Every structure is written in C-alpha cells, then in structure tokens.
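Pasting start.cif here (mmCIF, C-alpha atoms):
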data_structure
loop_
_atom_site.group_PDB
_atom_site.id
_atom_site.type_symbol
_atom_site.label_atom_id
_atom_site.label_comp_id
_atom_site.auth_asym_id
_atom_site.auth_seq_id
_atom_site.Cartn_x
_atom_site.Cartn_y
_atom_site.Cartn_z
ATOM 1 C CA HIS A 1 -17.443 4.517 0.740
ATOM 2 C CA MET A 2 -13.884 3.245 -0.111
ATOM 3 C CA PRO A 3 -13.179 -0.331 0.757
ATOM 4 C CA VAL A 4 -11.281 -1.080 3.973
ATOM 5 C CA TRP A 5 -7.780 -2.487 3.641
ATOM 6 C CA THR A 6 -5.377 -2.938 6.589
ATOM 7 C CA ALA A 7 -1.534 -3.050 6.606
ATOM 8 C CA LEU A 8 -0.440 -6.439 7.883
ATOM 9 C CA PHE A 9 3.167 -5.339 8.479
ATOM 10 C CA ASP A 10 5.395 -2.325 8.869
ATOM 11 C CA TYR A 11 6.938 -1.205 5.581
ATOM 12 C CA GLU A 12 9.938 1.175 5.468
ATOM 13 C CA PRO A 13 10.070 2.988 2.053
ATOM 14 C CA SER A 14 13.185 2.714 -0.181
ATOM 15 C CA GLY A 15 12.164 5.849 -2.086
ATOM 16 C CA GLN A 16 9.917 8.870 -1.995
ATOM 17 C CA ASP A 17 7.536 7.058 -4.371
ATOM 18 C CA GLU A 18 6.940 4.317 -1.770
ATOM 19 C CA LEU A 19 4.331 4.408 0.910
ATOM 20 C CA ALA A 20 5.416 3.984 4.560
ATOM 21 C CA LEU A 21 3.181 1.497 6.343
ATOM 22 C CA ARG A 22 2.731 0.642 9.975
ATOM 23 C CA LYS A 23 1.039 -2.612 10.997
ATOM 24 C CA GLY A 24 -2.673 -1.982 11.425
ATOM 25 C CA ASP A 25 -2.848 1.191 9.316
ATOM 26 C CA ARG A 26 -5.990 1.570 7.262
ATOM 27 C CA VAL A 27 -4.683 2.018 3.756
ATOM 28 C CA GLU A 28 -6.647 3.692 0.978
ATOM 29 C CA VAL A 29 -5.868 1.426 -1.997
ATOM 30 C CA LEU A 30 -6.020 3.407 -5.250
ATOM 31 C CA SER A 31 -4.903 0.812 -7.801
ATOM 32 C CA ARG A 32 -3.986 -2.805 -8.203
ATOM 33 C CA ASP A 33 -2.845 -2.250 -11.819
ATOM 34 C CA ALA A 34 0.802 -2.988 -12.464
ATOM 35 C CA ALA A 35 0.652 -0.518 -15.271
ATOM 36 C CA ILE A 36 -0.232 2.115 -12.726
ATOM 37 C CA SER A 37 2.171 1.090 -9.949
ATOM 38 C CA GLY A 38 4.891 0.419 -12.437
ATOM 39 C CA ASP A 39 6.099 -2.670 -10.606
ATOM 40 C CA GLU A 40 4.551 -6.081 -10.777
ATOM 41 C CA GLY A 41 3.178 -7.171 -7.358
ATOM 42 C CA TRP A 42 3.058 -3.513 -6.101
ATOM 43 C CA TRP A 43 -0.133 -1.485 -5.608
ATOM 44 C CA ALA A 44 -0.737 2.281 -5.248
ATOM 45 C CA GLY A 45 -2.433 3.853 -2.222
ATOM 46 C CA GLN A 46 -2.517 6.667 0.304
ATOM 47 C CA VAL A 47 -1.720 6.534 4.039
ATOM 48 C CA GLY A 48 -0.018 8.854 6.488
ATOM 49 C CA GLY A 49 -0.708 11.867 4.276
ATOM 50 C CA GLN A 50 1.375 10.442 1.408
ATOM 51 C CA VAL A 51 0.511 8.709 -1.831
ATOM 52 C CA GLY A 52 2.803 6.031 -3.283
ATOM 53 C CA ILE A 53 3.334 2.362 -4.057
ATOM 54 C CA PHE A 54 3.806 -0.668 -1.744
ATOM 55 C CA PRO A 55 4.144 -4.391 -2.115
ATOM 56 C CA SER A 56 0.642 -5.942 -2.506
ATOM 57 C CA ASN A 57 1.206 -8.670 0.055
ATOM 58 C CA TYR A 58 1.358 -6.039 2.853
ATOM 59 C CA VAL A 59 -2.395 -5.327 2.950
ATOM 60 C CA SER A 60 -5.512 -7.448 3.541
ATOM 61 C CA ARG A 61 -9.203 -6.650 2.706
ATOM 62 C CA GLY A 62 -11.392 -5.706 5.686
#

Show the structure stored in the file as structure tokens.
Amino acid sequence: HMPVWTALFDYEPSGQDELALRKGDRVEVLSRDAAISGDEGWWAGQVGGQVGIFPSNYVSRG
C-alpha cells in the first residue's frame, strides 16, 4: 500500500532525530508537513529501523 519513495543520495544524520539514508533505500515517507517535521524543507519517514526527519530533496517518488 504505501507509496514508493527512493533515497537519491546518502545522508549522514546530525542528530538522533534525523534519518540516515543510503542511496537507493526505499524510504517510508510519513509526512511532508513542516509543522510535523519541525523544519521547513524537511520531511519525516522511516528507514533502517529508525524514524526521523530528512531533507526533502533527498527522495524521489517511484
């Protein structure tokens, strides 16, 4: 059911609230709302067994 989003790039977290990404990970995107991520241009999601925020430009739909 949940839409497919793919990490375009590696992302190394700067905090425990940030999601680590590796290029080509399928990322479960949980919100695009800045009021939920707390940081304009950041989304919330789950990958790697962690939930957290990442910069929105790091994933693409499909």

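With all atoms listed in the file as the atoms that count, the minimum distance from residue 39 (chain A) to the choices A:22, A:51, A:17, A:58 is reached by A:17.
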
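Residues matching the PyMOL selection byres ((chain A and resi 29) around 7) in this structure come to residues 27, 28, 30, 31, 44, 45 and 46 of chain A.
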
How many Å lie between CA of residue 14 (chain A) and CA of residue 61 (chain A), rounded to one decimal?
24.4 Å

Residue IDs satisfying the PyMOL selection byres ((chain A and resi 19) around 9), as a PyMOL selection string:
chain A and resi 11-13+15-18+20-21+44-48+50-54

Can you give me, as a PyMOL selection string, the residues this file yields under the PyMOL selection byres ((chain A and resi 24) around 9)?
chain A and resi 6-10+21-23+25-27

Find the distance between CA of residue 43 (chain A) and CA of residue 56 (chain A) and write it in Å to one decimal.
5.5 Å

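CA of residue 40 (chain A) to CA of residue 59 (chain A) spans 15.4 Å [interatomic distance, one decimal].
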
Hey, what's within 9 Å of residue 62 (chain A) if we count all atoms listed in the file and toss same-chain stuff fewer than 5 positions away? As a PyMOL selection string, please?
chain A and resi 3-6
